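Colleague: Requesting a structural model of the entry that follows:
(chains A, B, C and D, ligands or ions: 3)
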Amino acid sequence: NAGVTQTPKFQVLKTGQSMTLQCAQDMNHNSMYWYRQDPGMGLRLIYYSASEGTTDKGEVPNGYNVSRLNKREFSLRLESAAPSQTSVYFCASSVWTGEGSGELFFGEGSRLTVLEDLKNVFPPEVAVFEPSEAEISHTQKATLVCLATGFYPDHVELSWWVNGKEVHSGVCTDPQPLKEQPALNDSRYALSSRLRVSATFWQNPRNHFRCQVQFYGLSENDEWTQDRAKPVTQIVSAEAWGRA
Amino acid sequence: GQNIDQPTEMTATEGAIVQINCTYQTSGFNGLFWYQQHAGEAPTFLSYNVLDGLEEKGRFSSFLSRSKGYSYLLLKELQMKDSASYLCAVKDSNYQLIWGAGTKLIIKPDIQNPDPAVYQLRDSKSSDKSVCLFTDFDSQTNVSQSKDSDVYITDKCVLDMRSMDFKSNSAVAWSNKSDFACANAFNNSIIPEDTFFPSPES
Amino acid sequence: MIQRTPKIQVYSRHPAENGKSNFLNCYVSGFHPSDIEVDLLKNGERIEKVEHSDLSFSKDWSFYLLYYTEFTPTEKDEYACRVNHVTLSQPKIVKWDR
Amino acid sequence: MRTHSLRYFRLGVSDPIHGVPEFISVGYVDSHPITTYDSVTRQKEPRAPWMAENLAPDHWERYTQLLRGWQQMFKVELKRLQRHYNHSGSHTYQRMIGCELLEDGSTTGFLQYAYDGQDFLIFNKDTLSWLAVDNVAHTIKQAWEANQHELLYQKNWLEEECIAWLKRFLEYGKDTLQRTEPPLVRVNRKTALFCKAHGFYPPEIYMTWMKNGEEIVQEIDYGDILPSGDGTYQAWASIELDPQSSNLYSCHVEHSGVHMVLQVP
Ligand code: NA
Ligand code: NA
Ligand code: NA
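Modeller: Numbering: from 1, shown residues only, chains lettered A, B, ... in the order given. Ligands and ions are numbered 1, 2, ... in the order given. I have put the structure below:
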């Protein structure tokens, strides 16, 4: 009962590289769709498949191809990736098409960044900063900050871990990353998050705090020729202990 | 050609009501959809209208006027979790969906007991950055980006301490410059007159 | 299930006059289901160059078709339409009565 | 303008003989086919030259995709009916949708289905409900009526979209559809009097026999309006002659706002 499952969530590509995005749905739907979403404009249909055994172009088919492999699966092929195909791709399905009222069910989205050179790809630096003692005595609360900085492209997932369990209550992570140099088109990014707890929780010396960032970057097959370390997919983290 | 128009962004206060408008000019009409899309997530279906009038679904209602080519999505008793983009889309004569560019809805929390302050966080031994936190200010306060290229300032964020049913706004500023100080980090913002600046260490 | 037998009507496009070129029409209608066989006959032999419309749909759910061929009527030649359908035991022959 | 109508049919056959399509869909404006699709060609194609000349290739391409999906949905629906009737062999399923724009400016809209050539489900777009003829249709009615938005969509399509398509096609085909070719009418003896009309367009025509100025609807034999093959139609009506009294017999023909009387000497 998974709905619409599409992969991969993130991908970096060099200009000219091929890529296939997968989409499956387990809802016994007949119609499937591939959309791209770009800032400042409405969703644009790339290709669609009204029923098993048929497909046709949408509004922006150039540079793409599709395969309706069976009733469940609709894959999207980028044969020779170009920078203009940097985008967020959504697979969707509906029970039928050519009826008014039927709604779309969307997959989780795939974020693709296509670059002329991979030498601009960087993982984040991650650091954690312990609460202000003035905050603790003025509010009886304690705010830890995590900073993930210098990363490119914006393919990160930041999470907080307290005593080995991931937590969400008390957390706020910036919705959008900050461009470290807003003028440059390929600027590296920064992201901040806060975890706020009670002062009594922070003052227990056995409580342990960790901020972790999963970066999606290069893989084995990507060529690397720079002097620095190859910016592969990886987890970068930083920690703090409570202070009595 | 075929067009759908909706405002780029709207900001309202927690507990209040907001109306998100969508106008459309299309070749034929087979119904109008609203979708919700949280940041970083998939759009999900909210409503469908095809005859004239208002339909209600919990705290959300959707109105359509076919002769005016207009719809609104009405959100009552706004909560923080309503922060999202709202996408309008219309099926034309051949059942093709024409999508609006989406309206980003921003919700201001109701801060019951503002206590604006700028705190200096503790240095990390693994980082050269100094980090300052502007926090607990009322939602009418706006945080400006830095005017110094070596100072970084994030936009304000709402955090919810669920156990204490407590919400607070905050923004972070950082730099590795020698002359950076939390007393001056947010100098480019208009901050509450009563903002607390704790004294530095001797 | 209810199967409906075809109504068969044989007629000329124009009021016939011997020695003048015409079209012989066979209009087969009101039948259900849609499979049907139609031949036009000259003196009891099947005419070869015979055209027909696409299968057509009536509001009462039955079907109809027009079969036609160009011809010049004479005093001697007898013409007819021969139809088979699932509702017919044997092909049914309707002669052109002028 | 005279009354005009637009309608689309679908036919599905569950176990067709070799070669014969399992699915056919044809559109009509008045008596004129305008579009065709079947499961063998898998293409929507024009059936009138004024459709080919006014609808660009993107129209045929888009509705070709839609019809491929409608074809599959028709197969699934017929499979469900024949299972619920517990029927073996070949059975048929049909749909008819359409609208009329009447001379006076009013409109009608209709949607219905049949199984084995008999009414199965009939849409009522004013009460927004489906009329079922038996308990298999009743089971379907319950599922369709649980999708209330689909019913609202169909009402809007029947009342607004369909009429808009009809007006669009009426203009495309106006040289054919809005013309008038008056009937040529004659009377002969065969004993009965035959009143025969031919060469007319549109096919709607009213022919009657009157006796001394009174109509005798029960004694008249009415022929069908039949296609002549050249775009015009023919028709006839007959009445039996009484040898025991003289009466003035007259044929009356009404076509496209003109009345004609032929008195028999
Ligand atoms: Na393509
Ligand atoms: Na037979
Ligand atoms: Na007509």
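Colleague: And residue D:165, how far from residue D:7?
Modeller: As for residue D:165, its distance to residue D:7 is 11 Å (criterion: CB to CB, to the nearest Å). No exception for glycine: its C-beta is placed from N, CA and C like everyone else's.
Colleague: and if you look at residue A:198?
Modeller: Residue A:198 sits 72 Å away from residue D:7, going by CB to CB.
Colleague: got it, and residue D:117?
Modeller: Distance from residue D:117 to residue D:7, by CB to CB: 17 Å.
Colleague: Just read off the phi/psi values of the closest residue to ligand 3 within chain D.
Modeller: Taking CB to the ion as the measure, the point where chain D comes nearest ligand 3 is residue D:30, at 3.6 Å. Note on residue D:30: backbone dihedrals following degrees, to the nearest 10 are phi 50, psi -130.
Colleague: Would you mind listing the residues in contact with residue D:201?
Modeller: Applying CB atoms under 8 Å, 6 or more residues apart in numbering or on different chains to residue D:201 gives the contacts D:179, D:180, D:181, D:231, D:232, D:233.
Colleague: contacting residues for the third one?
Modeller: By CB under 8 Å, 6+ apart, the contact list for residue D:181 reads D:199, D:200, D:201, D:232.
Colleague: For it, list each beta-bridge partner.
Modeller: residue D:201 (DSSP bridges).
Colleague: Which one of the residues in chain C is closest to chain B?
Modeller: residue C:57 (23.2 Å; CB to the nearest CB).
Colleague: Which of the helices or strands spans the residue nearest to that residue when sequence neighbours are not counted?
Modeller: Leaving aside its sequence neighbours, residue C:57 sits nearest to residue D:9 (CB to CB, 6 or more residues apart in numbering or on different chains; 4.1 Å). Assigned by DSSP states H and E, residue D:9 belongs to strand D:4-13.
Colleague: Show me which residues of chain A sit near ligand 1.
Modeller: Neighbours of ligand 1 within chain A, by CB under 5 Å from the ion: A:61, A:64.
Colleague: can you point me to the longest helix in chain A?
Modeller: helix A:133-139 (DSSP state H).
Colleague: Provide the count of other residues in contact range of the residue in chain B that ligand 1 sits nearest to.
Modeller: Nearest residue of chain B to ligand 1, counting by CB to the ion: residue B:96, 17.9 Å away. By other CB atoms under 10 Å in any protein chain shown, the residues close to residue B:96 number 19.
Colleague: what secondary structure does residue D:175 sit in?
Modeller: helix (DSSP: H, G, I helix; E, B strand; the rest coil).
Colleague: mind listing what whatever residue of chain C ends up closest to ligand 1 touches?
Modeller: Using CB to the ion, the closest approach of chain C to ligand 1 is made by residue C:54 at 35.2 Å. Residue C:54 makes contact with C:65, D:26, D:33, D:36, D:47, according to CB under 8 Å, 6+ apart.
Colleague: any idea how far it lies from residue D:224?
Modeller: 20 Å.
Colleague: and if you look at residue D:125?
Modeller: Taken as CB to CB, the span from residue D:125 to residue D:224 is 31 Å.
Colleague: Looking at these two now, which is surrounded by more residues?
Modeller: residue D:125 (18 against 13).
Colleague: Contact partners for the residue nearest to that one when sequence neighbours are not counted?
Modeller: Spatially, and ignoring its direct neighbours in sequence, residue D:125 is nearest to residue D:155 (4.5 Å; CB to CB, 6+ apart). Applying CB under 8 Å, 6+ apart, we find residue D:155 in contact with B:51, D:109, D:125, D:128.
Colleague: Would you format those as a markdown table with distance to ligand 2 included?
Modeller: A markdown table is the format used below for the contacts of residue D:155 (distance: CB to the ion, whole Å):
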| residue | distance to ligand 2 |
| --- | --- |
| B:51 | 50 |
| D:109 | 39 |
| D:125 | 40 |
| D:128 | 44 |
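Colleague: Next step: those residues restricted to helices.
Modeller: Per DSSP H, the subset of those in helices is empty.
Colleague: Might you specify the subset of these located within strands?
Modeller: residue D:109 (DSSP state E).
Colleague: in chain B, which spans are helices?
Modeller: Using DSSP H, helices in chain B cover B:182-185.
Colleague: Quick check: residues of the stretch 101-250 of chain D near chain C?
Modeller: D:114, D:116-119, D:186, D:196, D:198, D:224, D:226-230, D:234 (CB under 8 Å from any CB of the partner chain).
Colleague: What is the nearest of those to chain A?
Modeller: residue D:114 (20.3 Å).
Colleague: Can you tell me the element that closest one falls in?
Modeller: strand D:107-115.
Colleague: can you give me the helices in the stretch 1-150 of chain D?
Modeller: For the stretch 1-150 of chain D, the helices defined by DSSP state H, counting those that start in this stretch occupy D:49-52, D:57-85, D:135-145, D:148-156.
Colleague: picking that back up, how close does the residue of chain B closest to ligand 1 sit to residue C:92?
Modeller: 50 Å.
Colleague: How about residue A:216?
Modeller: 75 Å.
Colleague: Determine the three-state secondary structure at residue C:59.
Modeller: coil.
Colleague: show me the contacts for it.
Modeller: D:7, D:96.
Colleague: 10 Å - rerun?
Modeller: D:5, D:7, D:9, D:96, D:98, D:110, D:112 (CB atoms under 10 Å, 6 or more residues apart in numbering or on different chains).
Colleague: how close does it sit to ligand 3?
Modeller: Residue C:59 sits 16 Å away from ligand 3, going by CB to the ion, to the nearest Å.
Colleague: Same check on residue B:169?
Modeller: 70 Å.
Colleague: Centre of the chain to stretch B:124-136, how far?
Modeller: Centroid separation between stretch B:124-136 and its chain, computed with CA atoms, centre = their mean, to the nearest Å, is 25 Å.
Colleague: brain fart, stretch A:124-142
Modeller: On CA atoms, centre = their mean, the centre of stretch A:124-142 falls 28 Å from that of its chain.
Colleague: ends of it, how far apart?
Modeller: 25 Å (CA to CA, to the nearest Å).
Colleague: Return the set of buried residues in that stretch.
Modeller: By 16 or more other CB atoms under 10 Å in any protein chain shown, the buried positions in stretch A:124-142 come out as A:124-136, A:139, A:141-142.
Colleague: And for stretch D:208-217?
Modeller: Judged by neighbour count using 16+ other CB under 10 Å, the buried positions of stretch D:208-217 are D:208, D:209, D:210, D:211.
Colleague: repeat for stretch A:223-241
Modeller: A:230, A:231, A:236, A:237, A:238, A:240.
Colleague: Repeat that for stretch D:37-52.
Modeller: For stretch D:37-52, using 16+ other CB under 10 Å, the buried residues are D:37, D:38, D:39, D:44, D:46, D:47, D:48, D:50, D:51.
Colleague: How about the contacts made by residue 221?
Modeller: You didn't say which chain, so I picked chain A. residue A:17.
Colleague: should've been chain D
Modeller: Here residue D:221 is in contact with D:192, D:194, D:209, D:236, D:237, D:238, D:239, D:240 (CB under 10 Å, 6+ apart).
Colleague: helix, strand or coil for the fifth one?
Modeller: Going back to what we said before, that points to residue D:237. Classified using three-state DSSP, residue D:237 is strand.
Colleague: beta partners for it?
Modeller: Where residue D:237 sits in a bridge, its partners, by DSSP bridges, are residue D:195, residue D:222.
Colleague: okay, now residue A:115: neighbour count?
Modeller: Residue A:115 has 19 nearby residues by other CB under 10 Å.
Colleague: hang on, isn't it packed against residue A:14?
Modeller: Yes. Residue A:115 is within contact range of residue A:14, at 6.1 Å (criterion: CB atoms under 10 Å).
Colleague: Need the residues touching each of those two.
Modeller: A:81, A:121.
Colleague: how long is stretch D:171-180 from one end to the other?
Modeller: 16 Å.
Colleague: and residue A:216 and residue C:92? which has more neighbours close in?
Modeller: Neighbour count, other CB under 10 Å: between residue A:216 and residue C:92, residue A:216 has more, with 21 against 15.
Colleague: if I look at that one, how far off is residue A:154?
Modeller: With CB to CB as the criterion, residue A:216 and residue A:154 are 10 Å apart.
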